[PDB]
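Student: Structure, please.
(2 chains)
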Amino acid sequence: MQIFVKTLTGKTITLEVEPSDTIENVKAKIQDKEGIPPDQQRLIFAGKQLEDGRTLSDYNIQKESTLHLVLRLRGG
Amino acid sequence: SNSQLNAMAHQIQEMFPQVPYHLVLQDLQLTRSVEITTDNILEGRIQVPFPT
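Tutor: Numbering: from 1, shown residues only, chains lettered A, B, ... in the order given. See the structure here:
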């Protein structure tokens, strides 16, 4: 199924995943596109954080759903 | 001007539909980086809406 990844930069990435896919795997797919390591990838859904060891079915993420990708930076 | 700043803050509001806009603009003036801002917010840097 297809989903929509929202970024803080204002870029809607369209990736293909499945309900039985793991959050960790999703982040890995994003790392292949953006280049940003999954370690600095904070996936948020409906305002809640998505844990690495969880599946899309855990948070009940259906098709055409929007996933928020927050970047982590200990700088500033 | 705050043209880019306000626009960036609005982008975060489109990611976190639970954080007060005025609290977003708070760190937007400090770090001025939506990335570090949302990250710090998620770390508890900004007092999230807590029922008192």
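
Student: Enumerate every residue touching residue A:46.
Tutor: A:59, B:17 (C-beta atoms under 8 Å, 6 or more residues apart in numbering or on different chains). Bear in mind the C-beta positions are built from the backbone N, C-alpha and C, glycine included.

Student: Quick check: it vs residue B:45, distance?
Tutor: 21 Å (C-beta to C-beta, to the nearest Å).

Student: which secondary structure element contains residue A:68?
Tutor: For residue A:68, the host element (DSSP states H and E) is strand A:66-71.

Student: for residue A:24, same thing?
Tutor: In the assignment (DSSP H and E), residue A:24 maps to helix A:23-34.

Student: Check which helix or strand residue B:35 maps to.
Tutor: Element membership for residue B:35 (DSSP H and E) is helix B:34-43.

Student: One more: residue B:4?
Tutor: Counting by DSSP H and E, residue B:4 is part of helix B:3-13.

Student: in the next helix or strand after that helix, what counts as buried?
Tutor: Going down the chain from helix B:3-13, the next helix or strand is helix B:21-28, by DSSP H and E. Judged by neighbour count (16 or more other C-beta atoms under 10 Å in any protein chain shown), helix B:21-28 contains these buried residues: B:23, B:24, B:25, B:26, B:27, B:28.
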